[PDB]
Ligand SMILES: *[C@@H]1O[C@H](CO)[C@@H](O[C@@H]2O[C@H](CO)[C@@H](O[C@@H]3O[C@H](CO[C@H]4O[C@H](CO[C@H]5O[C@H](CO)[C@@H](O)[C@H](O)[C@@H]5O[C@H]5O[C@H](CO)[C@@H](O)[C@H](O)[C@@H]5O)[C@@H](O)[C@H](O[C@H]5O[C@H](CO)[C@@H](O)[C@H](O)[C@@H]5O[C@H]5O[C@H](CO)[C@@H](O)[C@H](O)[C@@H]5O)[C@@H]4O)[C@@H](O)[C@H](O[C@H]4O[C@H](CO)[C@@H](O)[C@H](O)[C@@H]4O[C@H]4O[C@H](CO)[C@@H](O)[C@H](O)[C@@H]4O[C@H]4O[C@H](CO)[C@@H](O)[C@H](O[C@H]5O[C@H](CO)[C@@H](O)[C@H](O)[C@@H]5O)[C@@H]4O)[C@@H]3O)[C@H](O)[C@H]2NC(C)=O)[C@H](O)[C@H]1NC(C)=O
Ligand SMILES: COCc1cn(CCCCCCCCCN2C[C@H](O)[C@@H](O)[C@H](O)[C@H]2CO)nn1
Ligand SMILES: [Zn+2]
Ligand SMILES: [Zn+2]
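Protein chains in written order, with this note's numbering: chain G, 1 to 933; chain Z, 1001 to 1929.
What follows is the structure, encoded as structure tokens:
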């Protein structure tokens, strides 16, 4: 029999857009490769190779069939295995529109715990591949699973990518009720207060889930009702199945605007045998359309959006974001804003490093390795997956993520070493030319710990990957107490010695062995500190050889023994402020609700958070004032006021979190003032826009308060701040972190979490992270940064220090005779014009060599219009001065993901309820260029 | 990457022939159509449409891949839904050898409870489709699942089909141990005593199961280890999987002759997503052969057989059969020999009716409808499946089988009625011309129960589908006591009235309602009996209108009187005389003990009186016997019958005491049978069985009852130096001789537990409206003869039991009838019979002008001095009203020129139009008129 599968939309009937898809997690209960090859099916039945294999076969069978695929991490692995014949069939299918890429990034990223730089990076990775192989530009965003949604997702990873639409299943459960009643599930979304309608997108919140209506899942071996239309066989059931379809369509139509609705015909890792689904959809399209009451068609999210746009309809407006997300009364998904802190820091650290790595490789002439096996691009793009950096994957999967990141970090570390060796001489240098250290956090750095032979000096090369000149404190572990630091010009520099502490030494012994496999030499005796000064996008070289109020600067802090006050003499801000460590007790269920706190969901006990305190050292010196604090045996902190820093730097060391008492614990630091913050506080969106949050309040619906704490937590990637008439109090993070203001004048950060129960959303594991050789709970160490400012003065600290945290100096070490080194190496350099700096409001967020001679460049304006009277303004960058030592032959502006010419981008129109080489940049703008040299 | 999937065999290595297959039950836990379309997956995950869809896609991707498929019941349902492009693609795959048909019948039939005529019929239905669509002749028999194997499967449904091999997984568990030790899993099997090596076949019994070695089932969503050979991905495992493969190959090689072994790469309803299997098999062939220690290839059972035949090797010999089957000490699969007796009788009755239907349609010029939806050919073909007539499907599946058979029977009924209307007239006649009755067993025949109008008669047309003239008793239910029966010439015939009985009357009210939905009219008051005389392949017409020792003939029986119940049988003309008792007993079903939990069930048999009337008359003497409230019997000696007909009525089997019961009739004599007894092979050859003994291995006796039951489709007999005692059945039935001079039949079974082989249902058959246990009624036939004179009774009466007269009824004034209708007729020559040794088992109109004809010699060489000899049939006299234009002798399934059939050679350890037939021969022909 021939089925009429080629139906399009029809004007005066309800149209049911059948969109076949397979939701393929880039790691979750299995690793990425396990999901691809289909191993470990006892954990979860899932094989993405079967999906792509069988979908291509089913699409070949009938030209009217369609399927949408998203995650290029899987597609690219599959593609490299396919024959030339298959690759050509795929080209035909993509060219015909039968297989359409939706989203098209390397993964479907989390939107809470991700940084916009990483979101752009992996999306570009996917889009370049799709553009190269198929000459296709994705037009529909696909965020069907991420646990809430960010403003930047809407305007920057949606509209600015060229997406007309973005589709997602998860919104807050109270909000969803209101949107159904108001038919506002689909909105025109303006995530940017700066760009408004110039960066808007059609946003489609599904009625419930991203699966088919009940009885319309057709996966092989499932117990569905096949449409039996053969009169030679018993029990035909055509009329019943057609009515099943209509009934489901009418229910959805009752909550949707226009005569067009969409069915997401798929689910988690479905389509292992695609024909099982397409057989049923073939028959349903055929028989439903013969019936004639409604109209069914094979479609895609972009065909659907096109029909939604051509309709005569005005649409409700959506501003800001969809955080936080709850799927039930006691189930706010705000715990994963913090879950797996160590993995979050690892991602953030490697992202900064990878940024610098691509800079140095470009100058030294290195060749792109983006699509090579186990490259850091693959590893960091996988890491953005919505179960990966978010913390919501199984532990073995999480270990596999970190294994892949470490492999890519090792490749990047060799690129940096070889590149700096070439660029500092007076490119083929060996990677052994310099040594580098990434375990300063636990004091392990063999290059600076080892002894210096006579007539030689420890050479320290300092590379600065910001487009600003920078002054910073180098702090290295040493075993000699009479070293001299000389700058490039022979002058001895002022130094300070800081004594090794017992917390750090105790971390060193355990974790060096865990990470590196062998037990290290004795704990270093001292830290050596000195202030380095480095040109923008350049290096300085130093030579090292043998011969209660604190605050070396304007910012002062007062302690008992605990913090009591912060003030700035020069600016005249002064608040009494206390900081303490506490923890919420993790709920394990109660009489009214079995929901437990777990890796996704933060549900505190409803008991007040238990209190922890004594000073163990107060240190004073020209470069740093320090207060070492121990709150208990597993919570210790160091507060540091460094020379020339407009902030304190608070180093936390948390763990092992004790659960032998059977009580899960979610550890916070809480900063309590008297500022009249009036329930307001500000948190960033993926590290960019600041969103005004209001305690216990929602703009889009009248919140029913059910979790007065968990319901006020928001995801941080840059930081959190508060203000009143007289002060502005700001906190910056070093990794994705959850933050809230639970009381006026009060800010808190959740820093580490260890539960005894799983939260029943499918991961099947309490968040119980341990380190072994003889195991104990994982300890995390990191920094948060705090400062005080007059109103309208804090934004420039937040932006400037945020970028500095993102992009620290890179240190490279070797031992050579100083004079011999100065004879064969330039001790100072800059790749920009010697007297050029990027404006203070701009960051060079992408600089990378692509295939052939093409260079990808991105410049970001860091400020929103109303933040800083001087810097929230129009500025310019002279690219001739940015590349002083090279001549631009070609310049070309492209879309954010570099898959379209900027000038060719077109926008849909919506009726919304309530309505030379010099590059200019307005507030919040990001401009992307392809260059040739 | 490209994989070297084109490997062939290599001489200096062990070769693993990978044979992809999907074992598709034609009904079992789900019905055949549910299995096809994949509905009711909560019962069992199984969809045959997916198998054929995805296998054809997978074969298309790589020309070196192969797959074997067997069950045309499924293939044909799928074929008619396919597009022209798919059909064209399938023809290319079949022509290239990528898709090979094995077996090729409509189903994979049981070999215990099936009759050879039904086996030939459904195999022909499948093979004719295969030949017409693809010009292919299957060469491998595929019997991987049936529970034991019959001698007729080997020589007749194997060798004579043109099969070089037959493959099966199930043999007795004790036999299997010996055959592993002696490397005699594979044999040259000679199932026929008569034909020996002229009808031999390579018989391959698998080491254990028909699935793959452990860890090589690759069905989508199963937890197997994929072969990961991409160095860009973590956890490559090529070495591990290659070694897994080798270890399994070497283990099998140690119990197999030659350097070729076969892996059956599949299982029940597998290959829903075929690419999941072929991907792994692609990579295993590639990397195993790169390694080079063993050799792997895509293969088929026929390619494997060729390799085994080409080896320089001598093979052990197998004779007789593989019954009974047991897979454990207390697990003899001999219960299903009797399970679902009523379904078995239903199949047997419809097979004979379908034989007559195709004769009558041919004579009347009816067009063939063999491949039409719900045709009786489909229903009867399906019913041969190894869970169907065997009785081992779920109850709802069994109901569906009976519904398809009833649909087919209703169509056959109209053909018979329309054909007889045309042929007796002086085809376009309507089905309403005659009525017919199939419920005589419960006394329900409205056409004869109904009053006759004055100046009209009940016209009775009697058709005889045997090639022998036949006299037999017509016995119809009537409501008037003074009816007169005249033959066609006007002669009044001797009649006998027999009173209705209470047992039948209560069956009638309950079962007529069950079968037809409404209670019947008043029970009929009498049976009218009379003797009809009918030409072979012809008819006689009769007109009915208003006007303790027994034995009306030579055979006599003596009953105690004090207790009822047989005591003695003797024939006064031949001098045979044996004391003999007949009793009803039951075994208690085991529900397992603490040492073995095995219970009795649908597959496995695991065991733990007054005369109410004596009737005498010129046409029948009978003794009604009531053994208890749910067991009654009537023993009948009919005029001119050389045997007693013993009608049992059993049920409802009481089950409330908590114990299951398996009911037998046991005939006990003093004959010196010396542990020997004789049972038939699919209604054909008799095999000598010996109590508690096995020819091929030293039996360890664990079930001295259950291990001595054998499947009967014709009957069972014993003998000593003075007598032969013979028992014929009317349906597939289990029988045994548990002591010397003693013979027993299992007639009905009801268990309270399942026997744990997958059907998940106690054998607990019930009739519901209120429910009660099912009641079965049927006949077995007893007789006594002098040695070497019993065989001719068994063969002749067996064919008469198989092919009874067909009665057609109407009411008309006699003279107006005789004026418009030929009262008497035959389609053969007016004075020609087939020889007494011959039966016309097939006569059928195919498409175009082709007619299919089969003649069978009923006798084995040693059986009857007169009839066990070469004979001949005159085809011009068989077809008297037509002229034979063309004759062509073909193979048994009619897919080959008989003259062009080729046989492999094996070295075996220990070594006009007149049709001639030697003993046990079946010759098949295509004729054109
Ligand atoms: C501070 O700061 C810092 C920063 O800096 C932070 O962070 C950190 O960091 C660090 C660095 O620094 C890091 O570390 C790193 O890490 C990574 C990861 O780790 C993880 O993972 C792993 C893995 O896992 C997996 O596996 C296992 C086994 O099986 C298991 O168990 C698990 O579960 C998983 O599993 C999964 O997956 C898989 C796949 O993958 C599958 O198969 C399965 O089935 C599943 O599914 C692990 O292992 C680990 O663990 C460890 O550790 C821990 C801790 O962490 C502990 O606790 C434990 O216990 C352990 O430990 C133990 O052990 C060890 C070993 O044995 C020893 O040693 C010790 O001692 C103890 O006892 C974890 O979990 C990793 O990966 C890395 O590693 C690496 O590296 C090192 C040096 O560096 C060494 O030592 C090692 O060995 C390694 O090495 C390697 O790699 C490299 C790169 O990466 C290279 O270069 C080299 O060469 C090597 O390699 C090569 O070779 C080899 C031989 O040996 C091989 O294997 C390879 O291969 C591969 O790949 C390829 C390509 O190429 C392919 O083909 C194949 O397939 C393979 O695979 C190559 O070839 C390190 O360690 C960490 O992680 C971090 N952390 C976090 C948390 O994240 C921190 O945090 C801070 N701190 C504070 C603040 O406090
Ligand atoms: C509660 O205690 C434990 C327990 C378990 N079980 C049942 C185990 C059943 C195994 C079935 C395996 C698969 C094949 C079953 N075949 C499939 C063939 O295609 C079909 O034709 C055969 O009829 C049929 C039977 O052999 N019982 N009790
Ligand atoms: Zn997901
Ligand atoms: Zn079977």
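Ideal Cβ positions, reconstructed from N, Cα and C, are used throughout, including at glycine.
According to DSSP, which residues form a beta bridge with residue i?
i	result
residue 751 (chain G)	Answer is none; residue 751 (chain G) lacks a bridge partner.
residue 783 (chain G)	G:651
residue 15 (chain G)	G:260, G:295
residue 1418 (chain Z)	Answer is none; residue 1418 (chain Z) lacks a bridge partner.
residue 2005 (chain Z)	Given that chain Z is displayed from residue 1001 to residue 1929, the structure contains no residue 2005 (chain Z) and the question cannot be resolved.
residue 796 (chain G)	Beta-bridge pairing links residue 796 (chain G) to no other residue.
Since I believe residue j is in contact with residue i (beta carbons under 8 angstroms), could you give me their beta-carbon distance rounded to a whole number of angstroms?
i	j	result
residue 1285 (chain Z)	residue 1304 (chain Z)	Residue 1285 (chain Z) to residue 1304 (chain Z), Cβ: 15 angstroms. No contact.
residue 238 (chain G)	residue 287 (chain G)	5 angstroms
Spell out whether any CB of chain G is found under 9 angstroms from the CB atom of residue i.
i	result
residue 1373 (chain Z)	yes
residue 1225 (chain Z)	yes
residue 1231 (chain Z)	yes
residue 1478 (chain Z)	no
Check whether the Cβ of residue i lies closer than 9 angstroms to any Cβ atom in chain Z.
i	result
residue 50 (chain G)	yes
residue 857 (chain G)	no
residue 40 (chain G)	yes
residue 30 (chain G)	no
residue 47 (chain G)	yes
residue 88 (chain G)	no
Quiz prompt | Completely contained beta strand (DSSP E) runs for the region 808 to 839 of chain G, where each covers 3 or more residues | solution = 810 to 816
Practice problem: Output the residue ranges of the beta strand (DSSP E) runs that lie fully inside the region 422 to 481 of chain G and measure 3 residues or longer, sorted by chain position. | Solution: 457 to 464, 470 to 478
Quiz item: Listed by chain order, which residues have C-beta atoms less than 7 angstroms from any heavy atom of ligand 4?
Solution: The filter returns Z:1023, Z:1025, Z:1028, Z:1108, Z:1145, Z:1268, Z:1386, Z:1387, in chain order.
Quiz item: Considering only residues of the region 1343 to 1415 of chain Z, which uninterrupted alpha helix (DSSP H) runs meet the minimum length of 4 residues and lie entirely inside it, listed in chain order?
Solution: Counting only runs of 4 or more, we get 1376 to 1383.
Quiz prompt | Length-filtered (4 minimum) alpha helix (DSSP H) runs lying within the region 1048 to 1120 of chain Z | solution = 1048 to 1061, 1072 to 1079, 1084 to 1095
Self-check item: Residue ranges of each beta strand (DSSP E) within the region 1559 to 1586 of chain Z, 3 or longer
Solution: 1566 to 1571
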